[PDB]
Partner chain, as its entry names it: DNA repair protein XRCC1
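The chain below stands alone and is given as structure tokens, in the form deposited without the partner chain.
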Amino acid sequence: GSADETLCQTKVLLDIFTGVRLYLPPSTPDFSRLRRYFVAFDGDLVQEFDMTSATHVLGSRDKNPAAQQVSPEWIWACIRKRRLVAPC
């Protein structure tokens, strides 16, 4: 249990993706909060077909190789580490 053990606090958010602009895919699980939550932390979310300027990207990068190919584990590990961790 990650989210339920992390975002279980309303949104906790925390200074995780601090300035971490990861492209949160709509196909990603927990997207609901994944979006608001993340960006809510203090970062930003770019639409797949919209990253060129983006910074991070959830699963995959193509749309934006200049972003970060982070996953759902990164958000937790990050928000949990109160500091952006190794994106993968």
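Numbering follows the first chain given and starts at 1.
Keep in mind the form deposited with the partner chain bound is missing from the figure; the text below concerns it.
Taking the partner from the other structure, the partner chain in the entry with it bound has no heavy atom within 4.5 Å of any heavy atom of residue 30. The partner chain is not drawn, but in the entry with it bound it has no heavy atom within 4.5 Å of residue 61. Using a 4.5 angstroms threshold between heavy atoms, residue 44 counts as touching the partner chain in the entry with it bound.
In the entry with it bound, residue 22 stays away from the partner chain, with no heavy atom inside 4.5 Å. Using a 4.5 Å cut-off on any heavy atom, the residues of 26-48 that reach the partner chain in the entry with it bound are, in sequence order, 35, 36, 37, 39, 40, 41, 42, 43, 44.
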